[PDB]
file structure_18.csv (CSV, C-alpha atoms)
chain,number,residue,atom,x,y,z
A,26,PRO,CA,10.3,-12.9,10.4
A,27,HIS,CA,9.8,-12.6,6.6
A,28,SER,CA,7.3,-12.5,3.8
A,29,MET,CA,6.8,-12.7,0.1
A,30,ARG,CA,3.7,-11.3,-1.7
A,31,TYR,CA,2.4,-10.7,-5.2
A,32,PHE,CA,-0.2,-8.0,-5.7
A,33,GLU,CA,-2.1,-8.2,-8.9
A,34,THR,CA,-4.6,-6.0,-10.6
A,35,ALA,CA,-6.5,-6.1,-13.9
A,36,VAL,CA,-8.5,-3.1,-15.0
A,37,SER,CA,-11.1,-3.2,-17.8
A,38,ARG,CA,-11.4,-0.4,-20.4
A,39,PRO,CA,-14.1,1.0,-22.6
A,40,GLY,CA,-13.8,-0.3,-26.2
A,41,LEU,CA,-10.4,-1.9,-25.7
A,42,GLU,CA,-11.5,-5.4,-25.2
A,43,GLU,CA,-8.2,-6.1,-23.3
A,44,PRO,CA,-7.7,-4.9,-19.6
A,45,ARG,CA,-4.5,-3.5,-18.1
A,46,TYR,CA,-2.7,-6.1,-16.0
A,47,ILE,CA,-0.2,-4.9,-13.4
A,48,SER,CA,1.7,-7.3,-11.1
A,49,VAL,CA,4.0,-6.3,-8.3
A,50,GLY,CA,6.1,-8.6,-6.2
A,51,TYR,CA,7.3,-7.8,-2.7
A,52,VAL,CA,9.8,-9.4,-0.3
A,53,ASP,CA,9.4,-8.2,3.3
A,54,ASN,CA,6.9,-5.6,2.1
A,55,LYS,CA,9.6,-4.2,-0.3
A,56,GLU,CA,9.0,-4.1,-4.1
A,57,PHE,CA,11.4,-6.3,-6.2
A,58,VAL,CA,9.6,-7.2,-9.5
A,59,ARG,CA,6.9,-5.4,-11.5
A,60,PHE,CA,4.9,-6.2,-14.6
A,61,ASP,CA,2.8,-3.7,-16.5
A,62,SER,CA,0.9,-4.8,-19.6
A,63,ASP,CA,1.0,-1.1,-20.8
A,64,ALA,CA,4.7,-1.2,-21.4
A,65,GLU,CA,5.6,-1.5,-25.1
A,66,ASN,CA,7.3,-4.8,-24.7
A,67,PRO,CA,5.9,-6.0,-21.3
A,68,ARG,CA,8.4,-7.8,-19.1
A,69,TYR,CA,9.2,-8.3,-15.4
A,70,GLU,CA,11.8,-5.8,-14.2
A,71,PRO,CA,14.0,-5.8,-11.2
A,72,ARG,CA,12.9,-3.2,-8.6
A,73,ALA,CA,15.9,-3.6,-6.4
A,74,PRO,CA,19.7,-4.1,-6.8
A,75,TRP,CA,19.8,-7.7,-5.6
A,76,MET,CA,17.4,-8.9,-8.2
A,77,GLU,CA,19.8,-8.1,-11.0
A,78,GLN,CA,21.9,-11.2,-10.3
A,79,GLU,CA,19.1,-13.4,-11.4
A,80,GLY,CA,19.8,-14.4,-15.0
A,81,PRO,CA,18.0,-14.2,-18.4
A,82,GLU,CA,16.1,-17.4,-17.9
A,83,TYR,CA,14.5,-16.1,-14.6
A,84,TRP,CA,13.1,-13.1,-16.4
A,85,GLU,CA,11.9,-15.1,-19.4
A,86,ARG,CA,10.1,-17.6,-17.2
A,87,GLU,CA,8.5,-15.1,-14.9
A,88,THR,CA,7.4,-12.9,-17.8
A,89,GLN,CA,5.8,-15.8,-19.5
A,90,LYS,CA,3.9,-16.5,-16.2
A,91,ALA,CA,2.9,-12.8,-16.0
A,92,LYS,CA,1.3,-13.2,-19.4
A,93,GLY,CA,-0.5,-16.4,-18.4
A,94,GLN,CA,-2.0,-14.6,-15.4
A,95,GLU,CA,-2.9,-11.7,-17.5
A,96,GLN,CA,-4.9,-14.1,-19.7
A,97,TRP,CA,-6.5,-15.6,-16.5
A,98,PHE,CA,-7.6,-12.1,-15.4
A,99,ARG,CA,-9.1,-11.5,-18.8
A,100,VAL,CA,-11.2,-14.5,-18.6
A,101,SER,CA,-12.2,-14.0,-15.0
A,102,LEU,CA,-13.2,-10.3,-15.5
A,103,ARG,CA,-15.1,-11.4,-18.5
A,104,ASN,CA,-17.0,-14.0,-16.5
A,105,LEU,CA,-17.5,-11.7,-13.4
A,106,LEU,CA,-19.3,-9.4,-15.8
A,107,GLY,CA,-21.9,-12.0,-16.4
A,108,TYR,CA,-22.1,-13.1,-12.8
A,109,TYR,CA,-23.1,-9.6,-11.8
A,110,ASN,CA,-24.9,-8.7,-15.1
A,111,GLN,CA,-22.7,-5.6,-15.5
A,112,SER,CA,-23.0,-3.5,-18.7
A,113,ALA,CA,-20.5,-3.7,-21.5
A,114,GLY,CA,-18.0,-0.9,-21.9
A,115,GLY,CA,-17.7,-0.1,-18.2
A,116,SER,CA,-14.5,0.0,-16.1
A,117,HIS,CA,-14.0,-2.9,-13.6
A,118,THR,CA,-11.1,-4.0,-11.4
A,119,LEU,CA,-10.1,-7.5,-10.4
A,120,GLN,CA,-7.4,-7.9,-7.8
A,121,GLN,CA,-5.5,-10.7,-6.1
A,122,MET,CA,-3.2,-10.9,-3.1
A,123,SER,CA,-1.0,-14.0,-2.6
A,124,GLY,CA,2.1,-15.2,-0.9
A,125,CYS,CA,3.5,-16.5,2.3
A,126,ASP,CA,4.7,-15.5,5.8
A,127,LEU,CA,7.8,-17.2,7.3
A,128,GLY,CA,8.6,-17.3,11.0
A,129,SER,CA,12.1,-16.5,12.3
A,130,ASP,CA,13.1,-20.1,11.7
A,131,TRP,CA,12.5,-19.9,8.0
A,132,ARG,CA,9.4,-22.1,8.3
A,133,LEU,CA,6.0,-21.3,6.9
A,134,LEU,CA,3.8,-19.4,9.4
A,135,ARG,CA,0.9,-18.7,7.0
A,136,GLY,CA,-0.1,-18.9,3.3
A,137,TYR,CA,-2.3,-16.2,1.8
A,138,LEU,CA,-4.6,-16.1,-1.3
A,139,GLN,CA,-7.4,-13.5,-1.7
A,140,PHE,CA,-9.5,-12.1,-4.6
A,141,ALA,CA,-11.4,-8.9,-4.7
A,142,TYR,CA,-13.7,-7.5,-7.3
A,143,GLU,CA,-14.5,-3.8,-7.7
A,144,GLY,CA,-12.3,-3.4,-4.6
A,145,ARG,CA,-14.5,-5.7,-2.6
A,146,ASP,CA,-13.6,-9.1,-1.0
A,147,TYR,CA,-14.8,-11.8,-3.4
A,148,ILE,CA,-13.2,-15.0,-2.2
A,149,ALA,CA,-10.3,-16.2,-0.1
A,150,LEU,CA,-8.4,-19.2,1.0
A,151,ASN,CA,-8.7,-20.0,4.7
A,152,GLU,CA,-5.5,-20.3,6.8
A,153,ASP,CA,-6.0,-24.0,6.7
A,154,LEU,CA,-5.2,-23.8,3.0
A,155,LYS,CA,-8.0,-26.4,2.4
A,156,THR,CA,-11.2,-24.4,2.5
A,157,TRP,CA,-12.7,-21.2,1.2
A,158,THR,CA,-14.7,-18.1,2.3
A,159,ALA,CA,-17.0,-16.4,-0.1
A,160,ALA,CA,-18.3,-12.9,0.3
A,161,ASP,CA,-21.5,-12.9,-1.7
A,162,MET,CA,-23.6,-15.4,-3.8
A,163,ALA,CA,-21.3,-15.0,-6.9
A,164,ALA,CA,-18.4,-15.9,-4.9
A,165,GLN,CA,-20.1,-18.9,-3.5
A,166,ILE,CA,-20.7,-20.3,-6.9
A,167,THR,CA,-17.0,-19.8,-7.4
A,168,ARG,CA,-16.3,-21.5,-4.0
A,169,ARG,CA,-18.5,-24.4,-4.9
A,170,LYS,CA,-16.8,-25.0,-8.2
A,171,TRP,CA,-13.3,-24.8,-6.7
A,172,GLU,CA,-14.0,-27.0,-3.8
A,173,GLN,CA,-15.5,-29.5,-6.2
A,174,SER,CA,-12.3,-29.3,-8.4
A,175,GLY,CA,-9.8,-29.3,-5.5
A,176,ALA,CA,-8.0,-26.0,-6.5
A,177,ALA,CA,-7.1,-25.6,-2.9
A,178,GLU,CA,-4.6,-28.5,-3.3
A,179,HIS,CA,-2.9,-26.4,-6.1
A,180,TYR,CA,-2.6,-23.2,-4.1
A,181,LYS,CA,-1.5,-25.2,-1.0
A,182,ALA,CA,1.2,-26.9,-2.9
A,183,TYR,CA,2.4,-23.4,-4.0
A,184,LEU,CA,2.3,-21.8,-0.6
A,185,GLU,CA,4.0,-24.7,1.2
A,186,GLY,CA,6.3,-25.4,-1.7
A,187,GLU,CA,7.7,-22.9,-4.2
A,188,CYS,CA,6.7,-19.7,-2.3
A,189,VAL,CA,8.9,-20.7,0.7
A,190,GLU,CA,11.7,-22.1,-1.4
A,191,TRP,CA,12.0,-19.1,-3.7
A,192,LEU,CA,11.6,-16.7,-0.7
A,193,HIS,CA,14.6,-18.5,0.7
A,194,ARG,CA,16.6,-17.9,-2.5
A,195,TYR,CA,15.5,-14.2,-2.4
A,196,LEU,CA,16.4,-13.7,1.3
A,197,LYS,CA,19.8,-15.3,0.7
A,198,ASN,CA,20.4,-12.9,-2.2
A,199,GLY,CA,19.3,-9.9,0.0
A,203,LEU,CA,20.0,-9.7,8.2
A,204,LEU,CA,17.8,-7.1,9.7
A,205,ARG,CA,16.3,-3.6,9.2
A,206,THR,CA,14.5,-1.2,11.6
A,207,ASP,CA,14.8,2.6,12.2
A,208,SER,CA,13.4,4.1,15.4
A,209,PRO,CA,11.1,7.1,15.7
A,210,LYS,CA,12.9,10.3,16.6
A,211,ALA,CA,10.0,12.1,18.4
A,212,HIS,CA,8.8,15.4,20.0
A,213,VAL,CA,5.7,17.3,21.1
A,214,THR,CA,4.7,20.7,19.6
A,215,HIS,CA,2.6,23.5,21.2
A,216,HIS,CA,-0.3,25.2,19.3
A,217,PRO,CA,-2.7,27.8,20.9
A,218,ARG,CA,-6.2,26.7,20.0
A,219,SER,CA,-8.4,29.6,21.4
A,222,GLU,CA,-6.8,26.6,24.9
A,223,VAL,CA,-3.8,24.9,23.3
A,224,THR,CA,-3.1,21.9,21.1
A,225,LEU,CA,-0.3,19.4,21.8
A,226,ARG,CA,0.9,17.4,18.8
A,227,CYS,CA,3.1,14.4,19.5
A,228,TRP,CA,5.4,13.8,16.5
A,229,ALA,CA,7.1,10.6,15.4
A,230,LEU,CA,9.6,10.9,12.5
A,231,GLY,CA,12.0,8.9,10.4
A,232,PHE,CA,11.0,5.4,11.5
A,233,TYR,CA,10.8,2.0,9.7
A,234,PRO,CA,8.8,-0.1,9.4
A,235,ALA,CA,5.6,1.8,9.3
A,236,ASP,CA,3.8,0.1,12.2
A,237,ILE,CA,3.7,2.4,15.3
A,238,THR,CA,1.5,3.4,18.1
A,239,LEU,CA,1.4,6.9,19.6
A,240,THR,CA,-1.0,7.6,22.6
A,241,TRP,CA,-1.6,10.4,25.2
A,242,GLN,CA,-2.3,9.9,28.9
A,245,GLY,CA,-2.2,9.7,33.9
A,246,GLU,CA,-4.9,7.5,32.4
A,247,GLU,CA,-5.0,6.2,28.8
A,248,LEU,CA,-6.5,9.1,26.9
A,249,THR,CA,-9.6,7.8,25.3
A,250,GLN,CA,-10.4,10.2,22.5
A,251,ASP,CA,-10.5,13.7,21.2
A,252,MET,CA,-7.4,12.0,19.9
A,253,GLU,CA,-6.2,13.7,16.7
A,254,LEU,CA,-4.1,11.4,14.5
A,255,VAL,CA,-3.0,11.1,10.9
A,256,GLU,CA,-2.6,7.9,9.0
A,257,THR,CA,1.0,6.8,8.9
A,258,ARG,CA,2.8,8.5,6.0
A,259,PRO,CA,6.1,8.0,4.1
A,260,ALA,CA,8.7,10.7,4.2
A,261,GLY,CA,9.8,9.3,0.8
A,262,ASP,CA,13.3,8.5,1.9
A,263,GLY,CA,12.4,5.1,3.1
A,264,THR,CA,11.1,6.2,6.5
A,265,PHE,CA,7.7,7.1,7.8
A,266,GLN,CA,5.9,9.8,9.9
A,267,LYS,CA,2.9,10.0,12.2
A,268,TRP,CA,1.6,12.4,14.7
A,269,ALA,CA,-1.1,12.3,17.4
A,270,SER,CA,-2.4,15.5,19.0
A,271,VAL,CA,-4.7,16.4,21.9
A,272,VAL,CA,-6.3,19.8,22.7
A,273,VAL,CA,-5.7,20.8,26.4
A,274,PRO,CA,-6.2,24.2,27.9
A,275,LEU,CA,-3.4,26.4,29.1
A,276,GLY,CA,-0.9,25.8,31.9
A,277,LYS,CA,-2.0,22.2,32.5
A,278,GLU,CA,0.2,21.0,29.7
A,279,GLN,CA,2.6,19.0,31.9
A,280,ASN,CA,-0.4,16.7,32.9
A,281,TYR,CA,-0.8,14.4,29.9
A,282,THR,CA,1.7,12.0,28.4
A,283,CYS,CA,2.8,11.1,24.9
A,284,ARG,CA,4.2,7.6,24.5
A,285,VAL,CA,5.5,6.0,21.3
A,286,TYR,CA,5.6,2.2,20.7
A,287,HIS,CA,7.8,1.0,18.0
A,288,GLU,CA,9.7,-2.3,17.5
A,289,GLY,CA,12.8,-0.4,16.6
A,290,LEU,CA,13.0,1.2,20.0
A,291,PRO,CA,15.0,-0.2,22.9
A,292,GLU,CA,11.9,0.8,24.9
A,293,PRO,CA,8.7,2.9,24.5
A,294,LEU,CA,9.5,6.6,24.4
A,295,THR,CA,7.8,8.8,27.0
A,296,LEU,CA,7.6,12.3,25.8
A,297,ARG,CA,6.5,15.8,26.5
A,298,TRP,CA,7.1,19.3,27.5
B,1,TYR,CA,8.4,-16.6,-8.1
B,2,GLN,CA,4.8,-16.0,-9.1
B,3,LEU,CA,1.8,-18.2,-8.4
B,4,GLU,CA,0.0,-19.5,-11.4
B,5,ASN,CA,-3.7,-19.7,-11.0
B,6,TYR,CA,-5.9,-22.8,-11.6
B,7,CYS,CA,-9.7,-22.4,-12.1
B,8,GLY,CA,-10.9,-18.9,-13.1
B,9,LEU,CA,-13.4,-17.1,-11.0
C,20,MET,CA,-21.4,2.1,-8.2
C,21,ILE,CA,-18.8,1.4,-5.5
C,22,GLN,CA,-16.1,4.1,-5.5
C,23,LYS,CA,-13.9,5.1,-2.6
C,24,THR,CA,-12.9,8.7,-1.8
C,25,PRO,CA,-9.2,9.7,-1.9
C,26,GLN,CA,-7.5,11.0,1.2
C,27,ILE,CA,-4.8,13.6,0.9
C,28,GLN,CA,-1.9,14.6,3.1
C,29,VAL,CA,0.5,17.4,2.1
C,30,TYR,CA,3.7,17.5,4.2
C,31,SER,CA,7.5,18.1,4.0
C,32,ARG,CA,10.0,15.2,4.2
C,33,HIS,CA,12.3,17.2,6.4
C,34,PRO,CA,11.1,19.7,9.0
C,35,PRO,CA,10.2,23.0,7.3
C,36,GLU,CA,12.4,26.0,7.5
C,37,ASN,CA,12.0,29.1,5.4
C,38,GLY,CA,14.8,29.3,2.9
C,39,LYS,CA,16.1,25.7,3.2
C,40,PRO,CA,15.4,23.2,0.3
C,41,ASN,CA,13.2,20.2,1.1
C,42,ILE,CA,10.9,17.7,-0.5
C,43,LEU,CA,7.1,18.3,-0.4
C,44,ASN,CA,5.0,15.2,-0.5
C,45,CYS,CA,1.4,14.8,-1.5
C,46,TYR,CA,0.2,11.4,-0.3
C,47,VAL,CA,-3.1,10.1,-1.7
C,48,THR,CA,-4.6,6.9,-0.3
C,49,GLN,CA,-7.8,5.0,0.3
C,50,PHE,CA,-9.1,5.3,-3.3
C,51,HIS,CA,-10.8,3.0,-5.8
C,52,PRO,CA,-10.9,2.6,-8.8
C,53,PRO,CA,-7.1,3.2,-9.4
C,54,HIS,CA,-7.5,5.9,-12.0
C,55,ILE,CA,-6.5,9.3,-10.5
C,56,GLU,CA,-5.1,12.7,-11.6
C,57,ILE,CA,-2.7,14.5,-9.3
C,58,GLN,CA,-1.2,17.9,-9.5
C,59,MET,CA,1.1,19.9,-7.2
C,60,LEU,CA,0.7,23.7,-7.2
C,61,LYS,CA,3.0,26.5,-6.1
C,62,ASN,CA,0.9,29.5,-5.6
C,63,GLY,CA,-1.9,28.0,-7.6
C,64,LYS,CA,0.4,27.3,-10.6
C,65,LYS,CA,1.2,23.6,-11.6
C,66,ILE,CA,4.6,22.4,-10.7
C,67,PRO,CA,6.4,20.6,-13.6
C,68,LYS,CA,8.7,17.6,-13.0
C,69,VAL,CA,6.6,16.2,-10.1
C,70,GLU,CA,7.7,12.6,-9.5
C,71,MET,CA,5.1,9.9,-8.8
C,72,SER,CA,5.3,6.4,-7.5
C,73,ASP,CA,3.7,3.6,-9.5
C,74,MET,CA,0.3,2.0,-9.0
C,75,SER,CA,0.1,0.2,-5.7
C,76,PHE,CA,-2.7,-1.0,-3.5
C,77,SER,CA,-2.9,-1.8,0.2
C,78,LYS,CA,-4.0,-4.9,2.1
C,79,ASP,CA,-7.6,-3.5,2.2
C,80,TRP,CA,-7.6,-3.4,-1.6
C,81,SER,CA,-7.7,0.5,-1.7
C,82,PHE,CA,-5.1,2.1,-3.9
C,83,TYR,CA,-2.5,4.8,-3.1
C,84,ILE,CA,0.2,7.0,-4.7
C,85,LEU,CA,2.9,9.3,-3.4
C,86,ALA,CA,3.5,12.4,-5.3
C,87,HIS,CA,6.5,14.6,-4.4
C,88,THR,CA,8.6,17.5,-5.6
C,89,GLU,CA,11.6,19.6,-4.5
C,90,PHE,CA,10.7,22.9,-2.9
C,91,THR,CA,12.1,25.7,-0.8
C,92,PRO,CA,9.4,26.9,1.7
C,93,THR,CA,8.9,30.6,2.2
C,94,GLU,CA,6.6,32.9,4.3
C,95,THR,CA,4.3,33.7,1.4
C,96,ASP,CA,4.4,30.8,-1.1
C,97,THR,CA,1.4,28.5,-0.9
C,98,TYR,CA,1.8,24.8,-1.9
C,99,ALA,CA,-1.1,22.5,-2.8
C,100,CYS,CA,-2.0,19.1,-4.1
C,101,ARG,CA,-5.1,19.0,-6.4
C,102,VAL,CA,-6.6,15.6,-6.9
C,103,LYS,CA,-9.2,14.5,-9.4
C,104,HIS,CA,-11.0,11.1,-8.9
C,105,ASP,CA,-14.4,9.7,-10.0
C,106,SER,CA,-15.3,9.3,-6.4
C,107,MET,CA,-15.5,13.2,-6.3
C,108,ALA,CA,-17.9,15.5,-8.2
C,109,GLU,CA,-14.9,17.8,-8.7
C,110,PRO,CA,-11.1,18.2,-8.0
C,111,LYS,CA,-10.1,18.4,-4.3
C,112,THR,CA,-7.3,20.9,-3.5
C,113,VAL,CA,-5.5,20.3,-0.3
C,114,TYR,CA,-3.2,23.1,0.9
C,115,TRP,CA,0.1,22.4,2.8
C,116,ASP,CA,-0.1,23.2,6.5
C,117,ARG,CA,3.5,23.3,7.8
C,118,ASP,CA,2.5,22.4,11.3
C,119,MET,CA,0.8,19.1,10.1

call {"tool": "encode", "arguments": {"input": "structure_18.csv", "output": "structure tokens"}}
result
Amino acid sequence: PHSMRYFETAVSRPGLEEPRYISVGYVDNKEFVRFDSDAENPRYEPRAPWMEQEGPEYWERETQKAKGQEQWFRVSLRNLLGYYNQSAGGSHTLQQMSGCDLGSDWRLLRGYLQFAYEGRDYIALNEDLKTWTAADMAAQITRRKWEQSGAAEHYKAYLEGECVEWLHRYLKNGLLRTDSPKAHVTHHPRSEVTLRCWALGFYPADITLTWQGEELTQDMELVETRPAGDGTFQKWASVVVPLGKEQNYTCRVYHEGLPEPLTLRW
Amino acid sequence: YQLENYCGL
Amino acid sequence: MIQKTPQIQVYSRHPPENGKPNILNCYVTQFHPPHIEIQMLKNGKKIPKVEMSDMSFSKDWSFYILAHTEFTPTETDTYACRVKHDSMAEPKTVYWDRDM
């Protein structure tokens, strides 16, 4: 089960008629190339060891395409400005997500193309890779133009063609990952006593903790999953119980790197 | 291998 | 007109023990537009040589960054992450709680 994605951002500046264009490329949610128009001589750079085998021509070509896209974001920010009647000299962001998901056979599961403006959903390609979904009126004018010009056939050819092929090259140049949550519950006298279920050092980031012996609805205390910074992640989920009847609730952790869900307490 | 856009927004 | 308010976690990479070196992370997420100023404080005083991940955004479009610095936790030293963003009328300082 694999994936490739490019995440793109252009950000408009006051006075400087040219925006800052940053472009990151991921394989299996891991960074491997990055472009930042604010570098002195802007170029794609490897972000991982296995990219450094790709030779000079790769970097030349992809850098040229980065520059093409940059120009495209310039034009589209500029137009968006008019679509929404935004004042001159503001700051505005245009973003794009694109790429493809492969099944475990290395076949295409799904192709993805989305655009957002000012951090809001603007327009997106449906999973059929033929039609579009527009968020507001501006975006429908977009939608309308694109479906009249058949741009979807272009993006569909990319997602079914080069995105899969090149992902295959990349995978070959890279056959599986996971780390399991080491876990434990801590005790914290409220005024009553809090029980914090801890999950540490796991990868990937997706995980479910819950308390229980019926599924413990809420008064759930949880944090968004967070990176230890070593490549692993952390998360906890607490519940406030009064004294002594700790030994009545249960923490369970669900992670794909576990032989089986952990069932924890004390 | 980056996508190259077609029609602008 | 449509900003999104940052969200800050301050936490050690390894379990905290007084006297033993560690990494302290400030993890700021959920924010837009991408411009942000981030500072880590030891007893109020800016820590130099803080390292910071490059601009990234998540599948919901919101941006995030991970700040982090070496540190050796003590009984009395307070550590903090102060974050300035146009979503907020003024900097937000989040203090490290070693049990969270």

call {"tool": "residues_near_point", "arguments": {"input": "structure_18.csv", "point": "(-3.7, -10.8, -4.4)", "cutoff": "9 Å", "atoms": "only C-alpha atoms", "output": "VMD selection string"}}
result
(chain A and resid 30 to 34 120 to 124 137 to 141) or (chain C and resid 78 80)

call {"tool": "interface_residues", "arguments": {"input": "structure_18.csv", "of": "chain C", "to": "chain A", "cutoff": "12 Å", "atoms": "only C-alpha atoms", "output": "ChimeraX atom specification"}}
result
/C:20-23,26-34,41-54,70-89,105,118-119

call {"tool": "closest_atom_pairs", "arguments": {"input": "structure_18.csv", "of": "chain A", "to": "chain B", "cutoff": "8 Å", "atoms": "all atoms listed in the file", "output": "Markdown table"}}
result
| residue | atom | partner | partner_atom | distance |
| --- | --- | --- | --- | --- |
| A:31 | CA | B:2 | CA | 7.0 |
| A:87 | CA | B:2 | CA | 6.9 |
| A:90 | CA | B:4 | CA | 6.9 |
| A:91 | CA | B:2 | CA | 7.8 |
| A:93 | CA | B:4 | CA | 7.7 |
| A:94 | CA | B:4 | CA | 6.6 |
| A:97 | CA | B:8 | CA | 6.5 |
| A:98 | CA | B:8 | CA | 7.9 |
| A:100 | CA | B:8 | CA | 7.0 |
| A:101 | CA | B:9 | CA | 5.2 |
| A:104 | CA | B:9 | CA | 7.3 |
| A:105 | CA | B:9 | CA | 7.2 |
| A:123 | CA | B:3 | CA | 7.7 |
| A:164 | CA | B:9 | CA | 8.0 |
| A:167 | CA | B:9 | CA | 5.8 |
| A:171 | CA | B:7 | CA | 6.9 |
| A:176 | CA | B:6 | CA | 6.4 |
| A:179 | CA | B:6 | CA | 7.2 |
| A:180 | CA | B:5 | CA | 7.8 |
| A:183 | CA | B:3 | CA | 6.8 |
| A:187 | CA | B:1 | CA | 7.4 |
| A:188 | CA | B:1 | CA | 6.8 |
| A:191 | CA | B:1 | CA | 6.2 |

call {"tool": "atom_distance", "arguments": {"input": "structure_18.csv", "atom1": "atom CA of residue 69 of chain C", "atom2": "atom CA of residue 55 of chain A"}}
result
22.8 Å

call {"tool": "atom_distance", "arguments": {"input": "structure_18.csv", "atom1": "atom CA of residue 165 of chain A", "atom2": "atom CA of residue 111 of chain A"}}
result
18.1 Å

call {"tool": "residues_around", "arguments": {"input": "structure_18.csv", "residues": "residue 253 of chain A", "least_positions_apart": "5", "cutoff": "10 Å", "atoms": "all atoms listed in the file", "output": "PyMOL selection string"}}
result
chain A and resi 224-227+240+268-272

call {"tool": "atom_distance", "arguments": {"input": "structure_18.csv", "atom1": "atom CA of residue 35 of chain C", "atom2": "atom CA of residue 213 of chain A"}}
result
15.6 Å

call {"tool": "residues_around", "arguments": {"input": "structure_18.csv", "residues": "residue 64 of chain A", "least_positions_apart": "6", "cutoff": "12 Å", "atoms": "all atoms listed in the file", "output": "list in words"}}
result
residues 45, 46, 47 and 70 of chain A

call {"tool": "decode", "arguments": {"input": "structure_18.csv", "residues": "segment 84-102 of chain C", "atoms": "C-alpha atoms", "output": "mmCIF file, in the first residue's frame"}}
result
data_model
loop_
_atom_site.group_PDB
_atom_site.id
_atom_site.type_symbol
_atom_site.label_atom_id
_atom_site.label_comp_id
_atom_site.auth_asym_id
_atom_site.auth_seq_id
_atom_site.Cartn_x
_atom_site.Cartn_y
_atom_site.Cartn_z
ATOM 1 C CA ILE C 84 5.803 23.438 12.088
ATOM 2 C CA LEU C 85 7.851 21.491 14.648
ATOM 3 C CA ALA C 86 10.256 23.547 16.721
ATOM 4 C CA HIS C 87 12.719 21.669 18.947
ATOM 5 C CA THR C 88 15.795 22.205 21.113
ATOM 6 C CA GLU C 89 18.133 20.226 23.340
ATOM 7 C CA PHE C 90 17.447 20.605 27.070
ATOM 8 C CA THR C 91 18.136 19.094 30.465
ATOM 9 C CA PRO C 92 14.959 19.353 32.635
ATOM 10 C CA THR C 93 15.312 20.496 36.247
ATOM 11 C CA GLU C 94 13.007 21.060 39.205
ATOM 12 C CA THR C 95 12.929 24.807 38.825
ATOM 13 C CA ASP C 96 13.621 25.661 35.186
ATOM 14 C CA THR C 97 10.543 26.606 33.201
ATOM 15 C CA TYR C 98 10.414 26.014 29.442
ATOM 16 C CA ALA C 99 7.995 27.662 27.050
ATOM 17 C CA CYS C 100 7.059 28.174 23.428
ATOM 18 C CA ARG C 101 5.871 31.652 22.489
ATOM 19 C CA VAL C 102 4.084 31.887 19.161
#
